[PDB]
Amino acid sequence: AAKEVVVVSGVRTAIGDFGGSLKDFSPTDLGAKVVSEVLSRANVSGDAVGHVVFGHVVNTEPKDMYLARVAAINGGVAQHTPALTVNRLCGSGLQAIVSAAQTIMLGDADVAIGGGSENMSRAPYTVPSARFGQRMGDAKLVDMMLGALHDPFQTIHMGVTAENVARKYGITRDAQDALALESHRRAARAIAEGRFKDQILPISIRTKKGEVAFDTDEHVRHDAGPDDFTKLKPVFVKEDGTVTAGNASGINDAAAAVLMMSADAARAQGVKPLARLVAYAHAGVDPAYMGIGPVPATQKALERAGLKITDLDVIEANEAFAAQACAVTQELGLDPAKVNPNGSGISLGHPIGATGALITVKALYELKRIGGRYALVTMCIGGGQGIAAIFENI
Amino acid sequence: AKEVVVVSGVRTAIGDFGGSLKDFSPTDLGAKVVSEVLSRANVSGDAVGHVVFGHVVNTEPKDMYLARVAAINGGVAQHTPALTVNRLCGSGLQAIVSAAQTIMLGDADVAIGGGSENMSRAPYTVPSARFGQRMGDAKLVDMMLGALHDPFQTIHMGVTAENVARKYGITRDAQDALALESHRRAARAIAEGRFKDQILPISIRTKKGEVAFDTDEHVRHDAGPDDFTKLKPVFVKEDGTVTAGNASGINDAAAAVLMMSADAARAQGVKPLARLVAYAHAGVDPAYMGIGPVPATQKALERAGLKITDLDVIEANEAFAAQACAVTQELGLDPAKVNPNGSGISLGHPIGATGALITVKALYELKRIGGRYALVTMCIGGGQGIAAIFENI
Amino acid sequence: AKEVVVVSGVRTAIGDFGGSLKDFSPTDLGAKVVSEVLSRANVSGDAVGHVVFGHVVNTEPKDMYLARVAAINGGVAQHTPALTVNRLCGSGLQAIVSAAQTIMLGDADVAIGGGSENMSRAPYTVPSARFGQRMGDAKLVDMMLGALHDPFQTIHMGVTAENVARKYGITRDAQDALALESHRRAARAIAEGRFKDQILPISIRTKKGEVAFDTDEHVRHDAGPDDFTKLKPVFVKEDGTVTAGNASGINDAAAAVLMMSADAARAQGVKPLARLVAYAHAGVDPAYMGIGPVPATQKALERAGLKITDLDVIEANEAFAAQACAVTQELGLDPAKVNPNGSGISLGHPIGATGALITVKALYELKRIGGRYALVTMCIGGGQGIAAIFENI
Amino acid sequence: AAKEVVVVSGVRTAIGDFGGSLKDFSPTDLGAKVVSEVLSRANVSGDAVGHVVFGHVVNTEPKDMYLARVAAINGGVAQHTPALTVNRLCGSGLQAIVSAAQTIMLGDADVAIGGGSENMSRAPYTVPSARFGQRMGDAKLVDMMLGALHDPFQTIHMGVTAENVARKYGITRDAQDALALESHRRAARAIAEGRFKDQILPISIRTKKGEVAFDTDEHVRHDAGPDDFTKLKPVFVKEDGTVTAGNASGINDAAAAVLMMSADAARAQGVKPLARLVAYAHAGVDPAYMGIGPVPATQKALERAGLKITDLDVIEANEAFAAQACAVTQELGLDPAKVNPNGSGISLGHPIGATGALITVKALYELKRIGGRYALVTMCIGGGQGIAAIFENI
């Protein structure tokens, strides 16, 4: 049978705004930082890692095509360890964990690191005409960030797909604004109570005034009220819009990782782990309704775990758009009080490829905060997919 | 872990840098090979549990969706998950392994694994363009050349080939000898038609009319040893051995295989190419990445319960003659069974697709000669190797 | 106002877009023509009072220094002031006028006037690159095409040529007739050697060895009317008449003349080409810029006390057959005396240099036929014309 | 003989910082604004202009290759008026005035506008490899602003040539800092007393808070003291430097213009003019010592006017670098109290192609402020030139 997967350690950076506090840190720099820190939290030597897998979507420089391997080596993992970079768009961070968990389940590794890293502030422009020349007439610099945020089949912003989902599932503007506000208030409470302190790795940021520690998610508005979201205008369609800058996730910079071991290695070393992996599942949907991807993915994951919605103490379902996040909670019958209890993409940000690893970290630490048992991690995926994993606190 | 059978496979002909496939984006070539493998396996696009594609150099925004776009435009139903993987030069074989893992773990009964790369379309980036340069000249960065540079010492992959030539005693004469033979085996394979059945022709729009591109165009059909000894090194100024002639090209191509669980293949009455026996991965010193195949192959043979002499076909990519000679030498392989129809030096190296493409070759060679076991392995920039073993059936 | 004599002049052969002079920067070509005119006039580079050069499209930072770089690297002493002027297609003749003005006003006894342009090397700009684009695709702007667009209506200069064809009754047949004849006159001039003495050969580095570039390469030597009537318009989709064949090319070239006060020329025993009789400028509707030469020429003939029938040589640049036919028609000129050896359609239009270059032609034609008065005029994008009249001596 | 040239009107914009308040106004936009305003100040119809000449160095867009003609037409000058753009680097603004004055002197025009316009914030990057392609390996985006500030013969920054001049002419660091400080204090006094109000055309600048008037030279430090310049480090050479960011001119955005007429047209219309043109002169020098160009140019201009240094009531000599400006004043024997009495490039900025027209405006208004008679306008020129003009208040 398949080997049990234990998540022994996890960490994330705080999440930086677009053009904000992490804009000078490359995706391989952020990835190496979380690799070194998960190894130290698990008390695992860099020479004892079987596989490294990292999620990552937008290459900012040539090194990023080597991302998992540079993150591993500069993170202190020995050169004999294989390293893989995976891209399942917004779900890459969680995919990387599943992919790393699969090496353990199949007996190819006893230890594996799964992470993600993304720096959207550093997303590049391309010039397709530069290699062979344009010859005459104007050409373009192609924004690879906005490009990654366009559905490749209809060439519409992810935001338009969020409007498709609000329309189809009856998610009003007032519902989306209520979810957005509540996410900022939960995140601001979590910061004030220190709920994130143990799971965040501070980053010292070179400033002209001397070094200061970046250890707080800066996208969060701490003074928010209803009118900050009411006054805003829809941004992605000209007619009958509901999706705004305020009730859509940010675009952001972050990295996160977890370190996992077979259950037998974990036993024999005597680790005090975060959780075990119970099940995962994938799904594809209509690309024009990609925001509801978590629904079938979550259903299939719960079937594989032998669990029901009501057994979930903690749910991290990324708020890519309040339009889709509301529809996900509505179609699955979730309790909004248990979904994203400390905020999510709208308030903390959406550092694409890192997001799915980061919110796994969030779910596992929240399980420990409340003494819960089971957590669901799930996210929608551009191009029309969903991914879900269930973890058990142990 | 369930048994994985490879029922069908296909590849495009390999295009030269700036050549016949320069106008075909990577998702276009990926969609073509997807649609064709579905039809060769006679499998509904509604019956696929997972698509995984390897791809290294994003040429446009759509490429960040490559597997998904390849699957949808190739006729796979929207309900199928789709994943893009990057293990540099091994990405193509990785995608096959990753897709086979979904079947081994019972997450899918049917899976497609493939690779697609168009280096001709590799872009230049401008890292200062979003927030501005402000003052001073800025860089336009070659993402193709950057993909071919080791990220630790910022040296060309070719310098790591010189390192491997030093450490393992691969002379310049030894390299050009392999390079020449690779081209003769390829030209010989093209002439006997060995590649016909595995290649999907692509119609390439010319002013002269419609013309079908179905032949690997990197091959020198008139090659003699003199064409190689006259060239001189290009990666180290003095005391060098790797040249443009004994190193692979960089190229444009796509390939894919369709796989099923053993049960599903039986129930569908499909006559399969091969079965997956084992795979393994290895990490090595990045300065010596070209030797990656040796420990990968050793670990895979261990898991498969085989030895080197049980291998009837070996596709060990020729990234550089300097590396491939050393791989053969260290593993004790029979050069007659290693790349019997050429490899990267003669046929090309369309990186993210190569591992899938040479898997296709290896399976079709097994059928040509009636062999049993085939090894597929390659070196990986950054310092890895990947290897897989297949059994004809 | 003192008398201005043109003692010497020279030009390069005109290169095609992407052709023989594509590797010669504008300051390089400018320095060449400076050094040569000094030596043809036998004037020390220490004796020059002013250098003025016309130039429109900056190809690199040095071009913002063009006149100064051309003068210094051409051997003019550093104590000579140097000015770059831009009156678009008239810049070359403007530089001559501006340099002649320093002599007329007694600010200098010796002055060089010239033009230099390399359109092949015209750059692309990135206006968002300094402070960044932030979000959304950005533009790479073609500065060559932008130079050829009217800045008021953002239409190609060719559309203004269609406007001129409408208003003045210039048929498509009339245009191709001028275009064909321009090419035959040029090929005929090249064959008799009319251009030999005025052209400075430039050695152009080829893999085949050293080869001398001394012949205007835009000329079709085998031209018949059929090569023009088969092409069809390119600047308005329907109801058009201007084509690639009856419009000038865009080209790379440099030219210059050296001038002196009458007294200084006498004292130096130099045998001059001609004297400056008069000049004038005109502004017109930008949508009809191609008719600019007509009022300029009329005003210049007034100041010179001459009429159209006193002109033995006319160099009226052929920007578009549609415009040049109308200029000849409105002024009542004899087509036999207008561009007797071709002009922009056959020879090319290296814009900032053209006005200087066709001044050179006009003066050398006066010597060839023993004529007295020559008119030099051209149209100017944005809606101007410039004209100058010279007297052989 | 040559016809007398009367300067009837003049105007300038305030001078914007690099990336500052004028960064969104193109050079043809600024040029049209000053064209329309000089015409209105002279009470001259746009249909009665004989020639327009504008100085301009760095093309920011295709329209700039038509700069004088777009400035003229969009400024309200009739389309029958010829328009010329001139480039004599830093001296282009004054050259444009001389060139326009020459059309009057030679009887080709009775009215002529001479101006300059530059927007360095909008100076572009080029990509020489874009038209025909780079094929392989990295390429460059070429900074055309920094390129314009490099000597084309040795490829050294103008700042290094300023160090050549300080060395050769014995201009110490303390002298350069004293000149720099004094320029900011004079400029700040001029702003507080309103000395610039009549000569500046306000520009309404679209801001999110509503329209605000840009009418004050923003480069000026109003709170400066000696230590702001002492603390700074040399910027252009590694050894034995004296030239700093603080004692070098800024790079800037501005436009200016004057309108001139033959003396007979001015008489017959009855204008109340600023000044008459007395003489101008040019000079070239060693490109490596370009900063002393104003010395021989000023000497030759004074010879042509039949005047002496001591007849000059007002001197506008552009402070490109305190190193060169000090040497110019020292070699000509000028009184520093009469040179740049209200500041210059170091404190107000150096909007290259506009600078020479702008400081003509400054000199003519200062003549009126003090009832002086003769003003010298002079500037150094990259590549090694100088230009000078003398005006008489009438």
# chains A, B, ... in the order shown; residues from 1 in each chain; ligands from 1

$ interface_residues --of "chain D" --to "chain C" --cutoff "6 Å" --atoms "only C-alpha atoms" --output "JSON, numbers by chain"
{"D": [62, 63, 79, 80, 81, 82, 84, 85, 86, 87, 88, 124, 125, 126, 127, 128, 144, 147, 148, 152, 283, 284, 285]}

$ write_last_selection --atoms "N, CA, C and O atoms" --output "mmCIF file, in the first residue's frame"
data_model
loop_
_atom_site.group_PDB
_atom_site.id
_atom_site.type_symbol
_atom_site.label_atom_id
_atom_site.label_comp_id
_atom_site.auth_asym_id
_atom_site.auth_seq_id
_atom_site.Cartn_x
_atom_site.Cartn_y
_atom_site.Cartn_z
ATOM 1 N N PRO D 62 8.498 60.381 -31.707
ATOM 2 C CA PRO D 62 8.661 60.781 -33.119
ATOM 3 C C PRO D 62 8.339 62.242 -33.390
ATOM 4 O O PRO D 62 9.057 62.920 -34.117
ATOM 5 N N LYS D 63 7.279 62.747 -32.784
ATOM 6 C CA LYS D 63 6.884 64.143 -32.900
ATOM 7 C C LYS D 63 8.012 65.115 -32.645
ATOM 8 O O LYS D 63 7.982 66.239 -33.156
ATOM 9 N N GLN D 79 0.180 78.101 -40.538
ATOM 10 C CA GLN D 79 0.920 77.065 -41.229
ATOM 11 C C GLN D 79 1.852 77.615 -42.310
ATOM 12 O O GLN D 79 2.759 76.887 -42.741
ATOM 13 N N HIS D 80 1.685 78.863 -42.751
ATOM 14 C CA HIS D 80 2.632 79.329 -43.748
ATOM 15 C C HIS D 80 3.990 79.695 -43.154
ATOM 16 O O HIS D 80 4.916 80.033 -43.915
ATOM 17 N N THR D 81 4.174 79.548 -41.838
ATOM 18 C CA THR D 81 5.426 79.983 -41.217
ATOM 19 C C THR D 81 6.443 78.855 -41.188
ATOM 20 O O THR D 81 6.143 77.789 -40.665
ATOM 21 N N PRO D 82 7.646 79.046 -41.705
ATOM 22 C CA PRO D 82 8.683 78.014 -41.538
ATOM 23 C C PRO D 82 9.156 77.827 -40.110
ATOM 24 O O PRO D 82 9.209 78.756 -39.305
ATOM 25 N N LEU D 84 12.148 75.523 -37.730
ATOM 26 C CA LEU D 84 13.424 74.809 -37.690
ATOM 27 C C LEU D 84 13.778 74.368 -36.275
ATOM 28 O O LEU D 84 13.677 75.165 -35.318
ATOM 29 N N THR D 85 14.276 73.127 -36.146
ATOM 30 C CA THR D 85 14.784 72.633 -34.884
ATOM 31 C C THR D 85 16.303 72.614 -34.962
ATOM 32 O O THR D 85 16.873 72.164 -35.959
ATOM 33 N N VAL D 86 16.961 73.112 -33.922
ATOM 34 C CA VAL D 86 18.431 73.176 -33.905
ATOM 35 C C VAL D 86 18.966 72.449 -32.668
ATOM 36 O O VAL D 86 18.323 72.407 -31.610
ATOM 37 N N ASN D 87 20.155 71.850 -32.819
ATOM 38 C CA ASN D 87 20.820 71.141 -31.729
ATOM 39 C C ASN D 87 22.271 71.593 -31.655
ATOM 40 O O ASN D 87 23.051 71.233 -32.538
ATOM 41 N N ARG D 88 22.607 72.400 -30.626
ATOM 42 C CA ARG D 88 23.982 72.741 -30.262
ATOM 43 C C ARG D 88 24.163 72.425 -28.782
ATOM 44 O O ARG D 88 24.646 73.235 -27.981
ATOM 45 N N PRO D 124 14.142 58.967 -23.671
ATOM 46 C CA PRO D 124 13.861 57.542 -23.848
ATOM 47 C C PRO D 124 15.081 56.640 -23.677
ATOM 48 O O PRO D 124 16.229 57.092 -23.620
ATOM 49 N N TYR D 125 14.808 55.341 -23.638
ATOM 50 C CA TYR D 125 15.794 54.297 -23.889
ATOM 51 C C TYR D 125 15.648 53.876 -25.344
ATOM 52 O O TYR D 125 14.538 53.893 -25.875
ATOM 53 N N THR D 126 16.764 53.548 -26.006
ATOM 54 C CA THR D 126 16.718 52.930 -27.331
ATOM 55 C C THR D 126 17.115 51.463 -27.238
ATOM 56 O O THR D 126 17.687 51.019 -26.224
ATOM 57 N N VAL D 127 16.820 50.708 -28.302
ATOM 58 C CA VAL D 127 17.275 49.316 -28.389
ATOM 59 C C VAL D 127 17.828 49.155 -29.797
ATOM 60 O O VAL D 127 17.091 48.837 -30.739
ATOM 61 N N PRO D 128 19.126 49.430 -29.983
ATOM 62 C CA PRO D 128 19.713 49.324 -31.328
ATOM 63 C C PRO D 128 19.498 47.955 -31.977
ATOM 64 O O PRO D 128 19.426 47.883 -33.209
ATOM 65 N N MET D 144 19.412 57.224 -23.456
ATOM 66 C CA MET D 144 19.734 58.363 -24.310
ATOM 67 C C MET D 144 19.988 59.641 -23.525
ATOM 68 O O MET D 144 20.674 60.535 -24.038
ATOM 69 N N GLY D 147 23.490 59.160 -22.265
ATOM 70 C CA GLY D 147 24.287 59.224 -23.482
ATOM 71 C C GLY D 147 24.544 60.663 -23.918
ATOM 72 O O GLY D 147 25.676 61.031 -24.276
ATOM 73 N N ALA D 148 23.495 61.499 -23.896
ATOM 74 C CA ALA D 148 23.644 62.918 -24.199
ATOM 75 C C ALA D 148 24.558 63.648 -23.221
ATOM 76 O O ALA D 148 24.946 64.788 -23.501
ATOM 77 N N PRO D 152 31.249 62.612 -26.654
ATOM 78 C CA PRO D 152 31.300 61.541 -27.662
ATOM 79 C C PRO D 152 32.708 61.149 -28.104
ATOM 80 O O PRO D 152 32.834 60.158 -28.854
ATOM 81 N N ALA D 283 32.253 79.808 -30.025
ATOM 82 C CA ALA D 283 33.628 79.356 -29.920
ATOM 83 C C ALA D 283 33.638 77.842 -29.757
ATOM 84 O O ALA D 283 32.670 77.247 -29.292
ATOM 85 N N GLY D 284 34.740 77.225 -30.152
ATOM 86 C CA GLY D 284 34.984 75.830 -29.857
ATOM 87 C C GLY D 284 36.268 75.747 -29.053
ATOM 88 O O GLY D 284 37.165 76.581 -29.212
ATOM 89 N N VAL D 285 36.345 74.723 -28.188
ATOM 90 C CA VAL D 285 37.472 74.489 -27.297
ATOM 91 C C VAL D 285 37.743 72.988 -27.275
ATOM 92 O O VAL D 285 37.029 72.220 -27.922
#

$ select_by_dssp --residues "stretch 20-236 of chain A" --states "strand (DSSP E)" --output "JSON, numbers by chain"
{"A": [51, 52, 53, 54, 55, 83, 84, 85, 86, 87, 111, 112, 113, 114, 115, 116, 117, 118, 119, 125, 126, 127, 139, 140, 141, 142, 143, 203, 204, 205, 212, 213, 214]}

$ closest_atom_pairs --of "chain A" --to "chain D" --cutoff "9 Å" --atoms "only C-alpha atoms" --output "JSON lines"
{"residue": "A:129", "atom": "CA", "partner": "D:130", "partner_atom": "CA", "distance": 7.1}
{"residue": "A:130", "atom": "CA", "partner": "D:130", "partner_atom": "CA", "distance": 5.2}
{"residue": "A:131", "atom": "CA", "partner": "D:135", "partner_atom": "CA", "distance": 4.6}
{"residue": "A:132", "atom": "CA", "partner": "D:133", "partner_atom": "CA", "distance": 4.3}
{"residue": "A:133", "atom": "CA", "partner": "D:133", "partner_atom": "CA", "distance": 3.8}
{"residue": "A:134", "atom": "CA", "partner": "D:131", "partner_atom": "CA", "distance": 5.0}
{"residue": "A:135", "atom": "CA", "partner": "D:131", "partner_atom": "CA", "distance": 4.6}
{"residue": "A:136", "atom": "CA", "partner": "D:131", "partner_atom": "CA", "distance": 6.8}

$ write_last_selection --atoms "N, CA and C atoms" --output "compact mmCIF listing (two decimals), in the first residue's frame"
# COMPACT_ATOMS: atom_id res chain seq x y z
N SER A 129 9.84 40.22 -30.47
CA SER A 129 10.50 40.56 -31.72
C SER A 129 12.01 40.77 -31.59
N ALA A 130 12.59 40.66 -30.39
CA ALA A 130 13.99 41.08 -30.19
C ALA A 130 15.00 40.11 -30.84
N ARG A 131 14.73 38.81 -30.80
CA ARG A 131 15.72 37.86 -31.29
C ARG A 131 15.89 38.00 -32.79
N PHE A 132 14.80 37.97 -33.55
CA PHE A 132 14.93 38.06 -34.99
C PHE A 132 14.54 39.42 -35.55
N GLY A 133 14.06 40.33 -34.73
CA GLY A 133 13.92 41.66 -35.31
C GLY A 133 12.50 41.95 -35.76
N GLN A 134 12.15 43.22 -35.68
CA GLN A 134 10.84 43.69 -36.08
C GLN A 134 10.85 44.30 -37.47
N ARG A 135 12.01 44.80 -37.92
CA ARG A 135 12.19 45.31 -39.28
C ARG A 135 11.51 46.66 -39.51
N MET A 136 10.21 46.78 -39.21
CA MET A 136 9.52 48.05 -39.39
C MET A 136 8.19 48.06 -38.64

$ residues_around --residues "stretch 116-119 of chain A" --least-positions-apart "2" --cutoff "9 Å" --atoms "only C-alpha atoms" --output "PyMOL selection string"
chain A and resi 16+18+22-23+25-28+30-31+53-60+67-68+85+92-94+96-97+114+121-123+252-257+351-358

$ closest_residue --among "B:31, B:277, B:135, B:93" --to "chain C" --atoms "only C-alpha atoms"
B:135

$ closest_residue --among "C:160, C:35, C:251, C:229" --to "residue C:20" --atoms "only C-alpha atoms"
C:251

$ atom_distance --atom1 "atom CA of residue A:91" --atom2 "atom CA of residue A:381"
5.8 Å

$ decode --residues "stretch 275-294 of chain D" --atoms "N, CA and C atoms" --output "mmCIF file, in the first residue's frame"
data_model
loop_
_atom_site.group_PDB
_atom_site.id
_atom_site.type_symbol
_atom_site.label_atom_id
_atom_site.label_comp_id
_atom_site.auth_asym_id
_atom_site.auth_seq_id
_atom_site.Cartn_x
_atom_site.Cartn_y
_atom_site.Cartn_z
ATOM 1 N N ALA D 275 14.363 94.361 -25.032
ATOM 2 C CA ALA D 275 15.762 94.690 -25.279
ATOM 3 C C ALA D 275 15.980 94.694 -26.780
ATOM 4 N N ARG D 276 17.192 95.111 -27.182
ATOM 5 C CA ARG D 276 17.718 94.835 -28.508
ATOM 6 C C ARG D 276 18.905 93.890 -28.395
ATOM 7 N N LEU D 277 19.130 93.143 -29.471
ATOM 8 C CA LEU D 277 20.307 92.295 -29.613
ATOM 9 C C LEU D 277 21.478 93.152 -30.069
ATOM 10 N N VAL D 278 22.583 93.081 -29.320
ATOM 11 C CA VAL D 278 23.764 93.862 -29.647
ATOM 12 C C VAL D 278 24.769 93.046 -30.450
ATOM 13 N N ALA D 279 25.022 91.806 -30.074
ATOM 14 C CA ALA D 279 26.015 90.980 -30.745
ATOM 15 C C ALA D 279 25.901 89.570 -30.178
ATOM 16 N N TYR D 280 26.432 88.606 -30.926
ATOM 17 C CA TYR D 280 26.575 87.242 -30.446
ATOM 18 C C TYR D 280 27.919 86.724 -30.953
ATOM 19 N N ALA D 281 28.397 85.637 -30.349
ATOM 20 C CA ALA D 281 29.606 84.976 -30.837
ATOM 21 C C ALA D 281 29.598 83.517 -30.411
ATOM 22 N N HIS D 282 30.390 82.730 -31.121
ATOM 23 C CA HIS D 282 30.540 81.305 -30.864
ATOM 24 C C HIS D 282 32.000 80.973 -30.621
ATOM 25 N N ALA D 283 32.253 79.808 -30.025
ATOM 26 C CA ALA D 283 33.628 79.356 -29.920
ATOM 27 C C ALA D 283 33.638 77.842 -29.757
ATOM 28 N N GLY D 284 34.740 77.225 -30.152
ATOM 29 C CA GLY D 284 34.984 75.830 -29.857
ATOM 30 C C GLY D 284 36.268 75.747 -29.053
ATOM 31 N N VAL D 285 36.345 74.723 -28.188
ATOM 32 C CA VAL D 285 37.472 74.489 -27.297
ATOM 33 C C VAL D 285 37.743 72.988 -27.275
ATOM 34 N N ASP D 286 38.781 72.575 -26.551
ATOM 35 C CA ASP D 286 39.071 71.172 -26.269
ATOM 36 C C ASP D 286 37.839 70.508 -25.656
ATOM 37 N N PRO D 287 37.292 69.451 -26.277
ATOM 38 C CA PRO D 287 36.104 68.787 -25.686
ATOM 39 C C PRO D 287 36.287 68.361 -24.233
ATOM 40 N N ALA D 288 37.531 68.063 -23.823
ATOM 41 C CA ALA D 288 37.821 67.628 -22.464
ATOM 42 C C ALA D 288 37.768 68.772 -21.452
ATOM 43 N N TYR D 289 37.707 70.028 -21.936
ATOM 44 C CA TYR D 289 37.626 71.234 -21.118
ATOM 45 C C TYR D 289 36.438 72.065 -21.560
ATOM 46 N N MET D 290 35.374 71.404 -22.036
ATOM 47 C CA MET D 290 34.238 72.126 -22.607
ATOM 48 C C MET D 290 33.686 73.182 -21.653
ATOM 49 N N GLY D 291 33.861 73.010 -20.341
ATOM 50 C CA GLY D 291 33.280 73.981 -19.441
ATOM 51 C C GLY D 291 33.839 75.402 -19.567
ATOM 52 N N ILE D 292 35.022 75.603 -20.213
ATOM 53 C CA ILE D 292 35.499 76.997 -20.300
ATOM 54 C C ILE D 292 35.073 77.660 -21.609
ATOM 55 N N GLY D 293 34.245 76.986 -22.421
ATOM 56 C CA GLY D 293 33.764 77.570 -23.663
ATOM 57 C C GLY D 293 33.256 78.994 -23.599
ATOM 58 N N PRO D 294 32.545 79.391 -22.527
ATOM 59 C CA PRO D 294 32.025 80.771 -22.475
ATOM 60 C C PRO D 294 33.125 81.830 -22.509
#
